[PDB]
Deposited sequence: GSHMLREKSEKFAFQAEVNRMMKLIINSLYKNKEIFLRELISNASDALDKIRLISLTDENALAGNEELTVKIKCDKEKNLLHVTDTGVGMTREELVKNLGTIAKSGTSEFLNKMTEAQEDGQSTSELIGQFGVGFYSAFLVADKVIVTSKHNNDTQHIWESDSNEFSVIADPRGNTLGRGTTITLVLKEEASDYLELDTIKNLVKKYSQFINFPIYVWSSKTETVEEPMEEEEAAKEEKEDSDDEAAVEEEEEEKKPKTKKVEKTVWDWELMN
């Protein structure tokens, strides 16, 4: 449907982030998990004021799935979600007041030889680190005040469409990563489980990985959400 170019500062930001974490690519998952935590924190706080805030989906979880066969990684939360306008502005521009400070602090850091990965985490701009391991990033989101929408980008542009599938999330957001060939190891359950456990121990919400256990030629395989924190 509707196509957009990234704001120039976001193009600059993306490159800064990519270069900062280029040799620590796994950090992308830490940031997606941190963002999902923030979104969950937000709807939890809204529920203090809105008696019907959780009506679209009564759960408060992060859920992560590998799809080796389709080369996809999904990170789904039932947090606050994003309206169409929010997908466009939050992901495509320097929206928040603090974000603009990131760019300056990031540059002053890289000159003074200070660590920068803490800056990415502190300012919550880690979403773009997804492009370290993904050729395409897809964001499906449902907010109580809007219909379900899909944002998609290969980092050279982005587009937003209303989801033709309707409201499948209930409430929350899915980050779908179309993984680079070099990043296929993030499709392995053992790798993902190890990373999710490392980055979710400090999160105040339950995080699940869609895992499998095979028995016993005759084989029996059991699929279900394995709690990681």
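- Coordinate coverage of the deposited sequence breaks at 1 to 8, 225 to 260, these segments carrying no C-alpha atoms.
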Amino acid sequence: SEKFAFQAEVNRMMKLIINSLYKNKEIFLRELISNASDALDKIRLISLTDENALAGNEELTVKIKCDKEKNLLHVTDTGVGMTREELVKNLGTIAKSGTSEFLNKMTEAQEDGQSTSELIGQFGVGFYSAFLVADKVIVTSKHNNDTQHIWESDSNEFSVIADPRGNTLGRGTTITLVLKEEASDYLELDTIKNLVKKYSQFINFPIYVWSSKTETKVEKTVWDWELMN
From here on, numbers count along this sequence of modelled residues.
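Here, rigid core means the biggest group of C-alpha atoms that superpose within 1.5 Å across both forms.
- When the other structures are laid on the shown form by the rigid core, the stretch among 205 to 213 and 14 to 22 with the greater C-alpha deviation in 9 other deposited structures of this protein turns out to be 14 to 22.
- In terms of root mean square C-alpha deviation after superposing on the rigid core in 9 other deposited structures of this protein, the stretch standing farther out between 125 to 133 and 143 to 151 is 125 to 133.
- Judged by the one-third criterion across other entries of this protein, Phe158, modelled here, is also modelled in every one of those that cover both its neighbours.
- Gaps at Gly113 occur in at least a third of the other compared entries of the protein that contain both adjacent residues.
- Two stretches are in play, 18 to 26 and 217 to 225, and the higher mean C-alpha B-factor belongs to 217 to 225.
- Looking at 33 to 41 and 58 to 66 together, the entry lists the larger mean B-factor for 58 to 66, computed on C-alpha atoms.
- Within the listed group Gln110, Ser159, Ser141, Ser155, the record reports its top CA B-factor for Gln110.
- Out of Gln122, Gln148, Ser100, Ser115, it is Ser100 whose C-alpha atom has the highest B-factor in the PDB entry.
- Among the modelled residues of its chain, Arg171 has a C-alpha B-factor that falls in the lowest third, as given in the PDB entry.
- Sort the modelled residues of the chain by CA B factor and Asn104 lands in the highest third.
- The PDB entry assigns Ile94 a C-alpha temperature factor belonging to the middle third of its chain's modelled residues.
- In the deposited entry, the Cα temperature factor of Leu177 places it in the lowest third of its chain's modelled residues.
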